[PDB]
Amino acid sequence: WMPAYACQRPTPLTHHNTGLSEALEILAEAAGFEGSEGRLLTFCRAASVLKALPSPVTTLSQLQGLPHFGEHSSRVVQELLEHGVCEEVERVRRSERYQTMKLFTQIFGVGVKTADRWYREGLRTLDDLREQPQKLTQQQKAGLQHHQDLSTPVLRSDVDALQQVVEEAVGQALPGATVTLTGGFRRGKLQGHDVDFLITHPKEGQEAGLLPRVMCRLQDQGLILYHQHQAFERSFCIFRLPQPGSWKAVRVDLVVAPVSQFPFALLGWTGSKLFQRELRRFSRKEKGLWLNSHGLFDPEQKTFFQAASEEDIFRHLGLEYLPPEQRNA
DNA sequence: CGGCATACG
DNA sequence: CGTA
DNA sequence: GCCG
Ligand SMILES: [Cl-]
Ligand SMILES: [Mg+2]
Ligand SMILES: [Mg+2]
Ligand code: NA
């Protein structure tokens, strides 16, 4: 009844098992902070299975036969069903290790490895990091300075005005180039912690060299609070977004792809992260084909699949098409 | 047991 | 290392 | 942590 890969089933943004999935995702996140990527994946997959169910889990028996539910994930659900809390989850939540790793990894420019090193050095708060600026990269300094604004969600109502500003710079950089909203907003989210855009041009090859030209124009408009080039095809920036009487910093990702690759880039950048990992795993392990954001490779024939749409890609993988709103794994 | 997505800055 |  |  429930297939094993998240790319084989629709997963809507809102669902019927929110509390159970959130608890499993705490355990997944904590596994990542300890470097246990396998455990992270299992807990994420188990949470995602619950998101895909048609109604609430009320009884432990309803987990029998569901993929990714073994002894540990079933016990978590059992405790939530019987007591409304799971002791392991609550112990993680209150733990100094979890809280500090979460806070540090939320900083733009800081990953698990850096956060863990700082934790082992005794650092615990953002002000601890600010007092030791010699140990920070320029990217991390920007992430730290902007952390408060970047912690507040972007509204879908903000995304449209931002897209128009990006489109104006893109049109001057290369007339005819287009801007497509991707990421979580394309999956239907009403908020997010950044905004993701994919840029292309209908004439193959015209997009070469485009992103530096776009970034220079946005910087000249005064809109870029931070970017790494203040040749490339992805830029992870901090943008100035207007607010009543002021403004706030927002994370924006910009990506350029040639139109031949656009369906693959659109698929990859639309997410969710788990959906794409599961889709690439399915492609390789079940179909023998290698998938990335540039193409789909048959390693036996040594050929790439041309695709003109995301629908083409799902068909070439033998999967029923899922619209972006059903990719919220 | 091996495997766990696969890129670019 | 960081980012997705 | 779980699948195959
Ligand atoms: Cl692990
Ligand atoms: Mg996003
Ligand atoms: Mg993003
Ligand atoms: Na980070």
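Residues numbered from 1 in each chain as written, not as in the entry; some residues may be left out. Chains lettered and ligands numbered in written order. Heavy atoms only, no water. Residues with missing side-chain atoms left out of burial classes, pairs and counts.

Draft legend 1. Representation of the UniProt feature "binding site: Mg(2+)" in chain A within the structure. In the numbering used here, UniProt assigns the feature "binding site: Mg(2+)" to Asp-194, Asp-196 and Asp-253. As for its position among the elements, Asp-194 is in the loop between β3 (191–192) and β4 (195–200). Note that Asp-253 resides in strand β7 (residues 246–256). Taking relative accessible area as the criterion, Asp-253 reaches 7% and is therefore assigned buried. For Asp-253, the contacting residues outside a window of four places in its chain are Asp-194, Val-195, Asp-196, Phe-197, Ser-235, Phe-236, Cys-237 and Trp-269. (UniProt positions renumbered as here; feature names shortened; annotations may be inferred. Helix = DSSP H or I, 4+ residues; strand = E, 2+ residues; numbered from the N terminus. Buried < 20%, exposed > 50% of the residue type's maximum accessible area, 1.4 Å probe, protein only. Contact = heavy atoms within 4.5 Å.)

Draft legend 2. Region of interest: the sheet that holds strand β10 (residues 303–304). Strand order in the open sheet made by the three strands is β8-β9-β10, with antiparallel pairing throughout. Taken across any chain shown, the strands that pair with only one partner, and hence form the sheet edges, are β8 (290–292) and β10. Note that β8 and strand β9 (residues 295–298) share three bridges and pair antiparallel. For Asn-292, the partnering residue across the bridge sits in β9 and is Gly-295. Taken strand by strand, helix α14 (residues 273–287) contacts β8 and β9, and its axis lies near 160° from that of β8. (Pairing = 2+ DSSP bridges. Axes fitted to C-alpha atoms, helices over the stretch in contact; angles between N-to-C directions.)

Draft legend 3. Fine view of the environment of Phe-282. Within the secondary structure layout, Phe-282 lies in helix α14. The exposure class assigned to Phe-282 is buried, which follows from its relative accessible area of 5%. Sequence spacing of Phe-282 and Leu-319 is 37 residues, and the spatial spacing of their C-alpha atoms is 9.8 Å.

Draft legend 4. Just the sheet that holds strand β6 (residues 234–243), in detail. Strand order across the open sheet formed by five strands is β2-β4-β7-β6-β5, with mixed pairing between neighbours. Only two strands of the sheet have a single partner each, and these edge strands are β2 (178–181) and β5 (224–226). Shown here is a sheet whose adjacent strand axes are inclined to one another by a mean of 40°, direction ignored. Here β6 pairs with β7 via 10 bridges, running antiparallel. Each residue of the ladder has a partner; that of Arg-234, found in β7, is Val-255. Each of β2, β4, β6 and β7 is contacted by helix α13 (residues 262–270), which is oriented at about 175° to β4, the strand it contacts most.

Draft legend 5. Local environment of unusual backbone geometry. The omega torsion of the bond from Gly-271 to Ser-272 falls at -10°, within 30 degrees of zero and hence cis. Within the chain, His-68 stands out as a residue other than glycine whose phi angle is a positive 75°. Note that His-68 resides in the loop between α2 (37–51) and α3 (71–83). Judged by its relative accessible area of 22%, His-68 is partly exposed. Of note in the backbone geometry, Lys-302 takes a positive phi value of approximately 65° without being a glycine.

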